[PDB]
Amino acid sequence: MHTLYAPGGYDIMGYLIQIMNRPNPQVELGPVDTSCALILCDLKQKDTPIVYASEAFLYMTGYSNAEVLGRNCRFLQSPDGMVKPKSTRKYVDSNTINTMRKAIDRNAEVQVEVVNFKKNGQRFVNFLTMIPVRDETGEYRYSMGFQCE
C-alpha cells in the first residue's frame, strides 16, 4: 500500500461538526471531539487506509503514528497486528467483521463490539462506531471511527 496523504492535513474538526450536525442520526453517539480515540480512513484509496489517527487512539492501541497510518485498521484484529484481507479470523467473530465490511461498503452508519489487540498483545473489547463523512465535494469520501475500550 502506498497510501497518499492529503497535503495540509485533514479537516477533522469540520468533520466532527458535520457528524454532530447530521440530520439522519441512525446511531446516536452524543457530543464528540478530538480528545477521544478517533481515526479517519480514505474510502477512495485502495483498501480504505487510515489517513489520520488522534493521539488518544495511538495511546489506546499502543501503536505509533507511523505504524498505523496507511494501513487498513483490520490489523488490530490480531495480537501480532497480522491480518490478511478476507481471511478467517481466529479470535474475532466472523459475523461481526462482515457487518463492518458491508456497512462501510454501503456508506451506512454502524456500531459494533469487536475484539482487538494492543501493540503489546493485550486483548480488549473495542466499542466501535463508524460514520461516513462528506468532503468539500459533497459526497462520501472518508469514514470516521470512534474507538472505545
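When you see a residue number, it is the position in the sequence shown, counting from 1.
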(request) Using the B-factors recorded in the PDB entry, average over the C-alpha atoms of 36 to 44 and of 83 to 91, then report which stretch comes out higher. (result) 83 to 91
(request) Determine, for stretches 134 to 142 and 20 to 28, which one has the higher mean CA B-factor as deposited. (result) 20 to 28
(request) Pick out which of 66, 114, 50, 58 has the highest C-alpha B-factor in the PDB entry. (result) 66
(request) Consider only the C-alpha atoms of the modelled residues in this chain, order them by B-factor as the entry records it, and name the third containing residue 54: lowest, middle or highest. (result) lowest
